[PDB]
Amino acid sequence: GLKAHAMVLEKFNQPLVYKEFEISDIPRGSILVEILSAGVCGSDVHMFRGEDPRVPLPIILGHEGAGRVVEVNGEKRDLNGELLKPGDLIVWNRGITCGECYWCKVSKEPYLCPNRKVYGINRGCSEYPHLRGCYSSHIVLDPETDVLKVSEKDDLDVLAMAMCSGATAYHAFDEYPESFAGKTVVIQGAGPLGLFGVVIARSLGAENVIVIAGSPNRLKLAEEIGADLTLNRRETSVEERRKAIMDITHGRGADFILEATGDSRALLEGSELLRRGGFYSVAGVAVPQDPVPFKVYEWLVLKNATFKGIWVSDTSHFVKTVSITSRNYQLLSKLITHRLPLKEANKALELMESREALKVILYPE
């Protein structure tokens, strides 16, 4: 049978350990996939530290992958109806939803499925066939996985990264009920989520894209990938930033704001930048935090504002994200600062934790 290896999380806050798995057969309808690129996410650090309550042990982490089909045990179609075969290059939606609940079937919001099963997050490696995350030479995909064939003209590293931060960013923009033509977009934060938001905002036809953050290196990147204006929170005052946005928008404020900071306190700045009638997509905050002092009359009622929380993404967002991403490979590849062998998965988590890396991608040896 097949000799696979992976980096396994056995106990929280303890280094991932190398382990080998002999793969004999795979479940009916499943797809055995050779991982070619595996994204390391900020959230993987959180999971490693034992702060994500969905996470069983032991587990093969890694929810962002691109790979080559080794074997389908039976037949599997991709989302366009193409039958997969050995050697096909694919990406896939990390989440499988039930297809039977209120959100999957009635409201058509499958990202809200309470039964959502996610590779490298709530799928452990204890029970055979074990290989349920991307920090591995190989992953076994269930037959219910949403898959998309890609080609050798696709940058698999970029696609892997895009699966997570990109598709969330896409969801955030997709909730806006108008075209972006003529619109001013403000993005708070310049990690992968905010930076995909720059390229997504550009690609959907936004007039002006402004990014507010605190790292000059990340802000330079934002400019190289399409931002019209960047504002460094450490070099400018709140009022200076408000005036720059008010100047650009003829005194109205921004039409659409993306929170991509991870910090609930971002809404305090963002609310004062939003025009009357504007739309604030809140997608960065990823853990419970202290409550923020929210001014209901000023920020919601008087402003006639929409505040929209964004929870992950579904298959519609996945395919649309691949499509935008595929027009933007050269720019988006600039987000990958580090490329490491799988056996260095621990160092990769350190790099991400310390912010030495913007994004790290692992490759099996």
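Numbers follow the displayed sequence, beginning with 1.
Higher average CA B factor: 45 to 53, of the stretches 45 to 53 and 320 to 328. Among the modelled residues of its chain, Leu16 has a C-alpha B-factor that falls in the lowest third according to the deposited record. The entry lists a Cα temperature factor for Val40 that places it in the highest third of the chain's modelled residues.
In the deposited entry, the Cα temperature factor of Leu148 places it in the highest third of its chain's modelled residues. Sorting the modelled residues of the chain by their CA temperature factor places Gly67 in the lowest third. Among the modelled residues of its chain, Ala348 has a C-alpha B-factor that falls in the lowest third according to the deposited record.
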